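Written out below as structure tokens is the structure these notes cover.
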Amino acid sequence: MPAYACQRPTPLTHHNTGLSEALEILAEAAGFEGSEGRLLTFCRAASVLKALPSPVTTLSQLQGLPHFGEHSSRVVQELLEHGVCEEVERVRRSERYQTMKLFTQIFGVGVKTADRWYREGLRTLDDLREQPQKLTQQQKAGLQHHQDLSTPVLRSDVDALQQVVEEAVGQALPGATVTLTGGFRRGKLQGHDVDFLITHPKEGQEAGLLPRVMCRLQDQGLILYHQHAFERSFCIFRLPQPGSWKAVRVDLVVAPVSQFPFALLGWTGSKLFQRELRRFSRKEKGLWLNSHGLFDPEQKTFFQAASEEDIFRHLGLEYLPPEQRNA
DNA sequence: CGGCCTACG
DNA sequence: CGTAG
DNA sequence: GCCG
Ligand SMILES: [Mg+2]
Ligand SMILES: [Mg+2]
Ligand code: NA
């Protein structure tokens with residue numbers, strides 16, 4: 001078992017679902033308390049279990065696995081012995097965890113805002129609605145649409161959304177392309193948001209594209225909310241349903257074709273996979289990775305990539321297709 | 001012990 | 001501060 | 001919380 005998630009395939013479904021989930025509760029809880037280090041360790045330990053070829057049945061099978069120390073091993077031990085881990089259940093039950101989870105789910109509310117509200121005594125969505133002067137316009141939209149946004153989107157819905165985006169993009173810039181990214185590109189059959197990456201084969205033609213796309217989608221009556229030069233747009237779209245519609249979170253991202261492989265890689269995730277990949281790049285290879293490029297700080301040069309395959313090769317990693325990036 | 005991804009709106 | 005993966 |  002290699003130490004970094006980007007060094008091993010991680011499929012979407014696996015053989016340690018219950019164990020990985022429990023560890024992820026503790027990771028999430030650590031994030032709500034601002035302990036990013038503990039969040040990372042619990043996420044990494046959970047991800048290691050996702051990468052295993054069969055179920056963990058005995059505590060000895062954790063020996064030599066990276067990211068399993070005293071704490072994570074105890075959680076697994078308790079689950080193997082009793083079917084439940086008391087620490088995990090205490091977190092699940094807790095008013096702090098439940099409220100921080102509820103508040104951070106809201107589009108426009110992060111951990112810092114949620115925590116402040118929690119400290120002020122606020123506990124429910126209706127608590128927030130009663131004091132609307134305290135809310136940003138983004139948070140107001142997040143709160144209005146919370147119920148719809150809490151329901152996952154199906155792949156058939158995504159395909160319908162992609163067609164409407166493609167029509168707008170085609171008018172905004174003929175020849176521009178739209179690529180589905182995020183969890184759906186990793187093979188997810190449903191998910192809580194839809195991500196699209198837009199480019200054009202002629203370098204430079206994409207400049208100024210996103211406002212033109214947004215204006216056109218707005219004119220079509222499809223945009224329930226958006227933030228407004230820019231290159232990422234975090235939207236709430238109107239998605240058709242039988243006899244009605246629902247609100248769906250859609251992200252639109254533009255990249256020049258020279259950067260497309262990097263943007264595709266970054267936006268395809270998973271979140272942990274990409275953090276791990278960037279950590280690997282810098283710490284093991286001395287190269288700096290982001291969604292625009294890969295920089296050698298010694299030679300002061302950027303690696304030209306024509307594909308995700310190029311990027312894995314330049315980092316000395318075996319290629320993983322998107323459906324094995326579910327770290 | 002230091003480090004934990006790296007951006008844009 | 002929020003957002004993204 | 002764990003790695004190196
Ligand atoms: Mg997504
Ligand atoms: Mg998204
Ligand atoms: Na949020």
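The count begins at 1 with the first shown residue.
Note: Cβ is positioned from N, Cα and C throughout, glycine not excepted.
DSSP gives A:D195 (Mg(2+) binding site) a strand state. Annotation source Swiss-Prot lists Mg(2+) binding site at A:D193, A:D195, A:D251.
Per Swiss-Prot, the feature region 'Involved in ssDNA binding' maps to A:186-195. Same-chain residues lying 6+ beyond the ends of the region 'Involved in ssDNA binding' (A:186-195) with a Cβ under 8 Å from its Cβ atoms: 12, 149-150, 152-155, 157-158, 161-162, 180, 237, 248-251, 253, 267-270, 322-323, 325-326.
Sequence-distant neighbours of A:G266 (site 'Responsible for the low discrimination between dNTP and rNTP') (same chain, 6+ apart, CB under 8 A from its CB) are A:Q274, A:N290, A:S291. What Swiss-Prot records for A:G266 is site 'Responsible for the low discrimination between dNTP and rNTP'.
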Inset, instruction - Rank the binding-site residues A:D193, A:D195, A:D251 by the number of other Cβ atoms within 10 Å of each Cβ, and give the residue at the low end. - result: A:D251
Legend entry - Residues close to Mg(2+) site centre defined by A:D193, A:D195, A:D251, Cβ within 8 Å: A:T181, A:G182, A:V194, A:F196, A:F234, A:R249, A:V250
Inset, instruction - Go through the recorded positions A:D193, A:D251, A:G266 and pull out the ones with a Cβ less than 6 angstroms from some atom of ligand 1. - result: A:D193
Inset, instruction - Work out the three-state DSSP category of A:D251 (Mg(2+) binding site). - result: strand
Legend entry - Å between C-alpha atoms of A:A229 and A:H228, the residues bounding 18 unmodelled positions: 10
